[PDB]
Amino acid sequence: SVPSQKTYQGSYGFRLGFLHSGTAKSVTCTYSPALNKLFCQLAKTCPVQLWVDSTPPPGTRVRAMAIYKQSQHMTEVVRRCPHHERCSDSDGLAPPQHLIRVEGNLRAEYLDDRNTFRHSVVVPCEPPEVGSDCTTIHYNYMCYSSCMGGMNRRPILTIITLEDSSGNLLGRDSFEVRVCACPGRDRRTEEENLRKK
Ligand SMILES: [Zn+2]
């Protein structure tokens with residue numbers, strides 16, 4: 001089966017936000033609103049903001065999961081390639097097969113779904129701390145889009161779901177991801193291709 005990717009703000013007005021990092025050659029993570037697409041280097045910090053209109057209940061959680069974007073690949077589990085799943089880059093918590101990690105959150109939990117075999121990482125939803133108006137989760141993507149035997153140049157989407165304590169849906173948002181060596185250049189190229197089309 002294929003998890004839903006339908007945008008759903010829900011009762012709490014849940015949606016994502018992204019920094020404005022630009023497209024310089026030195027950028028390691030950059031988000032294109034025109035493409036709804038995050039470009040990032042391998043295993044680099046990807047800040048993703050969570051915005052709500054009202055505070056969800058204690059025990060609300062935030063889950064991230066990757067799926068293939070293309071119709072003909074949506075049913076295939078997104079995982080790390082045969083090389084990276086055997087890398088000695090464990091953080092002590094993420095299973096080595098998981099593409100998406102949460103960085104610097106000891107309450108992150110990693111799920112291997114017993115029925116779909118899909119991977120996800122989930123953290124407690126925290127209120128913005130004093131001063132701030134949103135919360136930020138720091139994600140890492142642990143394979144390249146181009147990795148042979150893994151994503152194999154196929155685009156993926158990340159689906160972020162707001163869930164209650166039972167895992168029921170409260171809100172949903174999503175974005176395409178390209179994990180690549182040159183995020184700034186590739187974002188420039190793809191935004192140009194979009195402008196030409
Ligand atoms: Zn890989």
Side-chain angles (χ1 to χ4, degrees), residues 1-6 16 18 21 23 26-32 35-48 62-105 108-113 115-123 137-161 172-194:
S1 67
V2 182
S4 173
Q5 65 184 82
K6 180 178 185 48
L16 306 174
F18 298 86
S21 305
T23 61
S26 62
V27 81
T28 66
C29 179
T30 186
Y31 175 75
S32 170
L35 299 163
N36 186 31
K37 181 165 182 172
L38 186 68
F39 300 75
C40 64
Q41 290 172 340
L42 176 66
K44 298 298 174 55
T45 303
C46 300
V48 178
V62 181
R63 185 178 305 274
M65 179 187 291
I67 68 170
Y68 287 114
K69 179 186 185 192
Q70 290 162 300
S71 181
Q72 61 270 29
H73 300 297
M74 301 193 93
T75 63
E76 179 177 333
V77 170
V78 179
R79 55 172 63 261
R80 291 178 92 192
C81 75
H83 165 64
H84 282 116
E85 80 167 0
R86 295 183 64 246
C87 272
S88 55
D89 58 18
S90 175
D91 67 355
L93 193 44
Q97 302 93 327
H98 281 221
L99 175 67
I100 305 178
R101 301 180 181 176
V102 169
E103 187 169 25
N105 189 333
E109 298 177 6
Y110 292 82
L111 176 64
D112 296 330
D113 194 284
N115 295 312
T116 73
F117 307 99
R118 291 185 191 271
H119 306 158
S120 59
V121 57
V122 57
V123 295
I137 298 176
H138 296 109
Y139 290 111
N140 299 154
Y141 294 82
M142 304 300 307
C143 264
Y144 286 113
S145 290
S146 63
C147 276
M148 298 299 290
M151 287 180 285
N152 206 105
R153 300 179 306 267
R154 300 171 288 180
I156 59 160
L157 309 171
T158 298
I159 304 167
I160 305 301
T161 51
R172 191 186 297 105
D173 204 345
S174 64
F175 53 98
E176 185 173 347
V177 181
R178 172 177 173 77
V179 189
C180 57
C182 309
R185 177 199 66 182
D186 287 352
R187 175 177 167 199
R188 276 187 264 117
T189 295
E190 295 195 19
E191 287 185 356
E192 253 304 310
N193 297 347
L194 180 62

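Along the sequence shown, residues carry numbers from 1.
One side chain, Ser32 or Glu191, offers a donor N or O that lies under 3.5 Å from an acceptor on the other. No hydrogens or angles considered: nothing links the side chains of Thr158 and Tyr139 as a donor-acceptor pair under 3.5 Å.
The shortest non-hydrogen separation linking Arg63 to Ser120 is NH1-OG, 2.9 Å. The two atoms that bring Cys40 and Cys46 nearest to each other are CB-SG, 3.5 Å, heavy atoms only. The two residues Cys143 and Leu42 come nearest to each other via the heavy atoms N-CD1, 3.4 Å.
Residues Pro47 and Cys29 have side chains in contact (heavy-atom distance under 4.5 Å, counting atoms from C-beta outward). Inter-residue side-chain proximity for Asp89 and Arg101 is flagged as met; some heavy-atom pair is nearer than 4.5 Å. For the pair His73/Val78, no side-chain contact is recorded, criterion being any heavy-atom separation below 4.5 Å from C-beta on. The shortest side-chain heavy-atom distance between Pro183 and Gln41 falls under the 4.5 Å cut-off. With contacts defined as side-chain heavy-atom distances shorter than 4.5 Å, the pair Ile156/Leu99 qualifies. Side-chain contact between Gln97 and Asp112: absent, with no pair of heavy atoms (C-beta onward) separated by less than 4.5 Å. At a threshold of 4.5 Å between non-hydrogen side-chain atoms, the residues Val62 and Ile137 count as touching. Side chains of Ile159 and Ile67 form a contact here, defined as non-hydrogen atoms less than 4.5 Å apart.
Judged by distance alone, the side chain of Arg118 and the main-chain N or O of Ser1 form a donor-acceptor pair under 3.5 Å. The closest donor-acceptor contact from the side chain of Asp91 to the backbone of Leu93 lies under 3.5 Å. Side chain of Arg172 to backbone of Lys6: a donor-acceptor contact under 3.5 angstrom is found.
With values rounded to the nearest 0.5 angstrom, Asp173 atom CG is found 10.5 Å from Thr161 atom OG1. Considering SG of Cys147 and CE of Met142, their distance stands at 10.5 Å, rounded to 0.5 Å. Atoms CZ and CD, on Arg178 and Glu190 in that order, are 6.0 Å from each other to the nearest 0.5 Å. Going from atom CG of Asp113 over to atom CE of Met65 covers 6.5 Å, rounded to the nearest 0.5 Å. With values rounded to the nearest 0.5 angstrom, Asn140 atom CG is found 5.5 Å from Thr45 atom OG1.
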Side chain to side chain contact (heavy atoms under 4.5 Å, CB included) between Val179 and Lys44, worked out: CA-CA 10 Å; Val179 189; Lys44 298 298 174 55; over 6 Å; no
Apply salt bridge (charged side-chain N to carboxylate O under 4.0 Å, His left out) to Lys37 and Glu176, showing your working. CA-CA 4 Å; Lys37 181 165 182 172; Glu176 185 173 347; 2.9 Å; yes
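Residues in residues 80-103 take part in these ring-ring contact (aromatic ring centres under 6.0 Å, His included) pairs, two or more places apart or across chains: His98-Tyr110, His98-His119.
For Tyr31, the ring-ring contact (aromatic ring centres under 6.0 Å, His included) criterion is met by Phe18, not counting sequence neighbours.
Cation-pi geometry between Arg187 and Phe39 is not met: the NZ or CZ atom fails to fall both under 6.0 Å from the ring centre and inside 45° of the normal.
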